[PDB]
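Below are two forms of the same protein chain, given as structure tokens: structure 1, then structure 2.
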Structure 1
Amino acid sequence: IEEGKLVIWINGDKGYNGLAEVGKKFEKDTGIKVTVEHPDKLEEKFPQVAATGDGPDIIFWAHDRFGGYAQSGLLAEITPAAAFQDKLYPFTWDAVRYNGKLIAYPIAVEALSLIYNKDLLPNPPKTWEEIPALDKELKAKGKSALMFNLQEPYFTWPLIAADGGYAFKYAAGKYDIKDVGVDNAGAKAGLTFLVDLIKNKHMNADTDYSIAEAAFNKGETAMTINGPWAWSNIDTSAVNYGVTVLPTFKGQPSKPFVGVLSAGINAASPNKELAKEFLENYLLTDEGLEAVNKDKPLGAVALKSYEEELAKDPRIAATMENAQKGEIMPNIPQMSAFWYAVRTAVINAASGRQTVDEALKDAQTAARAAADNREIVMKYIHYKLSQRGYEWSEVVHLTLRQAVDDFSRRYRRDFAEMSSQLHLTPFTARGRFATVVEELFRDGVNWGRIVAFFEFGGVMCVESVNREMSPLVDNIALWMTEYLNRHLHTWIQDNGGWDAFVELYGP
């Protein structure tokens, strides 16, 4: 990373040209050049370059991914003065607090809202229950009432959780990844109404984001559920649209997941002092957010001064109101298990493979099982790193401990050749893991090849620390946990579970 310059990454759906004007003004006053870039899939590319102590000085993304960045050690801790913290809404600072430390600057507050075509529907519906009768009237005119992305649970969650569902319980400065709140009567009521809409032919089950967006922007549907990142495309379609509070369900408000667009500073950047000055003194100002906002809308903003003026726009007041009625999105990589489990529950309940009550009950069991598989992966990687001097029933953990130790000892000559020939880069790390794991289980699954599965991820975690790519260990731990949840768990339970592993290997 070049010292004396500021390289900034931000997604293309944001006002990156407005941010470039703020950097241009910063360059005139400091002599420090600010280069703003908008790479494709920067949320995947940032952990790769930052693992080798490289990449942008500043990254813009939602707060939920910054938890994984902070735990990896990719983001530097920010320490704003108390006079500057009072300028941002305190809940936005909460979304960027991890292990009791602030790891990002909050910028904008993103949340889903109800977007309606005023020409097709001058008065939008205030309740979900009156939507079916509305679709019937619009169907006679060749239009549907509501289309939105049904494939991602992020968009269906406002309705599902409106009557009491929650993703993870939060306590003691951490999320409880075993206390999942999808198995409740409220969520089953929300998922039932969603399935009823599909089975009554009010929505198509395979509608995704692009299908819904194109349908609303062309006037084919009266309403949609989307965030401020889509307002720019509706503007160019000339659809006279309004943005309002999400409909209520059983008299209870829809609670969407709240996302805090946040600016993190690379922990390897040599210009952290400059990045803090640019973020606090230039961007996080009324004039700085306005420059970005006028390029592309941010929705609600964390800066109280500029949010008070933006709230005059009904679209932004609705976004803030829908955010206040929602909940902050958990900022942990375990949400991938939550999303994966909930998505299957919705897919299966809509298709009819299982009941709504069974789908959410199984999704809660699957989420709790993922936490248990993570426990096995983490406890092994901690032991392997501790052997090398590095720092990061319980019988199964000590059984696997003896199994991997024996495997490494019996094939130590082979592990020495592998480690010396291994060329590990964050760009090619995911490919090497996927290729090897495929070869391990290509001809079937047994306990011996599962022990080898753990030991391979272990040596990749140790070799990552050696090549000064320590944050890559959290990515490998995530891949091992994913493969254990989605592939090996079918074989493990069918062959006696982990209790059969301690029966063959244990004492």
Structure 2
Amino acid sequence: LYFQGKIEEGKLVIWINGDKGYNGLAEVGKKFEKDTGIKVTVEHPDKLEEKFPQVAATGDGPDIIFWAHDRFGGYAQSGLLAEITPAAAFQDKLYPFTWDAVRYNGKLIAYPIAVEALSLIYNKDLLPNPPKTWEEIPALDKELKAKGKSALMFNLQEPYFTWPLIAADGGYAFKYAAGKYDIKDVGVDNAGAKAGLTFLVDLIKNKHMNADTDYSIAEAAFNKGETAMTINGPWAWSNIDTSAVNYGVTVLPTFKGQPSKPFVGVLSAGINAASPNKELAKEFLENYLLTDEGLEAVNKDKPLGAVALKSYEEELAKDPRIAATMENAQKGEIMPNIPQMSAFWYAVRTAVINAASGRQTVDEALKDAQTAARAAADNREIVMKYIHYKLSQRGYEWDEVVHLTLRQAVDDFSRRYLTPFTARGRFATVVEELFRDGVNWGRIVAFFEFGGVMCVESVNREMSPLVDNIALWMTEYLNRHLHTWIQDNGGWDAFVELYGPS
């Protein structure tokens, strides 16, 4: 068990993405180092959000990781983040919905920092008074086309950008009720979602937008003054700052009289569950970063958008672009921190592209996405129930006909036929070789057998967080590379008919 050794125990080590204000955060760290005598190191490793589950599974990695709250759900599932219970006096300093964003299974698992959502960005010279409604955009585009301009260009390829319109009249991902998501209630193909996507498609059919417009095309057009409006977040502001475009930021247009509902991301600071510096990290976050002066140093370097600290948000909101960011966030929804969200996004991305290109009607595209989002949730449950069963056979405790049919098939298959880093490499190699010459039920059963054996070896070598990493890897592979075959071959019902008793 050599993995129990540590690295750089004497320093407070922070990971934050390279597109944030890490030099400003480093300025906060330098003051903390001077005041405490403990070295603070701010690092911005490429792909740190994927490295953290690997390094933290053996008790290593940074003491503090900064990322959008929704990713912390998968971290907290694996037990990688320290549970915090900050004082009520400190909690009252931040907006209540930001604490909601960092709550997983009823436990606070990070400190909220910043708040960001999409806003309507408009060229003040071209459009001094931007439209309040989606419905008035076609007429506005007609006027601007006569001047060689267009009304609106935003990224149509990623559903993060198109969801605020789809949600406006009633679309939703998973039904959310008092901090809990009903995984069985998906609102992708209801009447409200169809109405929003139909309006988007009509904009393209009537030549007000182009189905091929992506992030690069929309940003280049707006920042060159060719289109009056775009839809984007605070990460895009610095490129417009240095351009000749004089831009404002305002509330998203309404649709059928209802607000556009963007998903809200809360940049948050999680503490490594195995950190030897947990209390130092708590002090850095509570007493140095989450102050007016701490957030200002970060915000100066790179804009945070809105912030979770009420006192500094009130100062920042004197600029209407920040007031607009918070207003759009308040009219939207916290990005769900549940693992079932990844397959939701893949399904909705396909639906928008198919409907916008004309390969499917709005009705068929969203019916496919609804079924895919639900079926991927079912797939996750199959993975979790099997792993729990395989681990229960060995005496390890870990937190209907399909489940019984599959676990007998794996037991039959077994009689006939380690670190987080080496588990990831072995998984990729075995899974690729397993399905190298196609997919069939026998290869899927072998897939579950291989995964369950790896999970047992994980708990044997005293690295139980690796079990959750493996279960996530199996779920992602099932939903991203086996879902199409399963559906086209009769689904899990066909598996039961082949393997179960008749």
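If you superpose the two forms and keep the largest set of C-alpha atoms that fall within 1.5 Å, you have the rigid core. Reference numbering: structure 1, starting with residue 1.
Chemist: Using a core superposition, identify the member of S254, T221, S269, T156 whose Cα displacement between structure 1 and structure 2 reaches 2 Å or more.
Modeler: Once the cores are aligned, the residue moving by 2 Å or more is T221.
Chemist: Using a rigid core superposition, assess whether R486 undergoes a CA shift of 2 Å or more between structure 1 and structure 2.
Modeler: Yes; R486 is a residue whose C-alpha shifts (by 2 Å or more) between structure 1 and structure 2 when the cores are overlaid.
Chemist: Can we say the CA of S470 moves by at least 2 Å between structure 1 and structure 2 when the core is superposed?
Modeler: It does, since the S470 C-alpha is displaced 2 Å or more between structure 1 and structure 2 after the core fit.
Chemist: Has the Cα of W9 moved 2 Å or more between structure 1 and structure 2, judged after a core fit?
Modeler: Comparing the forms between structure 1 and structure 2, which are aligned on their rigid core, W9 does not shift its C-alpha by 2 Å or more.
Chemist: Could the core-superposed CA displacement of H38 between structure 1 and structure 2 be given in angstrom, to one decimal?
Modeler: Comparing between structure 1 and structure 2 after core fitting, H38 shifts 1.1 Å at its C-alpha.
Chemist: Once both forms share the same rigid core frame, by what distance in Å has the CA of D406 shifted between structure 1 and structure 2?
Modeler: For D406, the C-alpha ends up 2.6 Å from its position in the other form.
Chemist: Taking the rigid core as the frame, how far in Å does the Cα of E27 move between structure 1 and structure 2?
Modeler: Displacement of the C-alpha, rigid core superposed: 0.3 Å.
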